[PDB]
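Q: this one's sequence-less:
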């Protein structure tokens, strides 16, 4: 119970791969957040790692640029909203970086 203390909902995260070995992070503020957006944390690691890379982001930080990602590897990004009460629900997203092709360079 704890007189509620539930927390905000889950933010909408949108991951899009643009550059080689790079994943563009873009999310938005939730609507079921009781209060006002103050900040949010970002957690993303390998599908075989148990230690998620914690990162602090300001209400302003609605996106992030990740480069050097291991190609041909599945990752799991997670985001959460933080209100005057604290962090709430967390969103889950599974992606997979584009592996090498090494196609024929015939001419």
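A: Yes, it's here. Numbering: from 1, shown residues only.

Q: Give me the residues contacting stretch 40-55.
A: 11, 25, 27, 56-57, 59, 61, 64, 66, 70, 73-82, 87, 90, 94 (Cβ atoms under 8 Å, 6 or more residues apart in numbering). C-beta coordinates here come from the backbone N, C-alpha and C atoms, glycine included.

Q: buried ones in that stretch?
A: 40, 41, 42, 43, 44 (16 or more other Cβ atoms under 10 Å).

Q: what's the distance between residue 25 and residue 34?
A: Distance, residue 25 to residue 34, using Cβ to Cβ, to the nearest Å: 25 Å.

Q: can you count the residues close to residue 58?
A: Look at residue 58: counted by other Cβ atoms under 10 Å, it has 11 neighbours.

Q: Could you check how far residue 42 is from residue 93?
A: For residue 42, the distance to residue 93 (Cβ to Cβ) stands at 11 Å.

Q: Next, show the common contact partners of the two.
A: Residues touching both residue 42 and residue 93 (Cβ under 8 Å, 6+ apart) are 77, 78.

Q: ok, now which ones touch the closest residue to residue 90 other than its chain neighbours?
A: Closest residue in space to residue 90, ignoring its immediate chain neighbours: residue 80 at 4.3 Å, by Cβ to Cβ, 6 or more residues apart in numbering. Residue 80 sits next to 8, 10, 11, 40, 41, 43, 87, 88, 89, 90, 91 when contact means Cβ under 8 Å, 6+ apart.

Q: Apply 6 Å and report the result again.
A: 40, 41, 87, 90 (Cβ atoms under 6 Å, 6 or more residues apart in numbering).

Q: could those residues be laid out in a markdown table, adding distance to residue 17 and secondary structure?
A: Converted to a markdown table, the contacts of residue 80 look like this (distance: Cβ to Cβ, whole Å; DSSP: H, G, I helix; E, B strand; the rest coil):
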| residue | distance to residue 17 | secondary structure |
| --- | --- | --- |
| 40 | 22 | strand |
| 41 | 23 | strand |
| 87 | 27 | strand |
| 90 | 22 | strand |
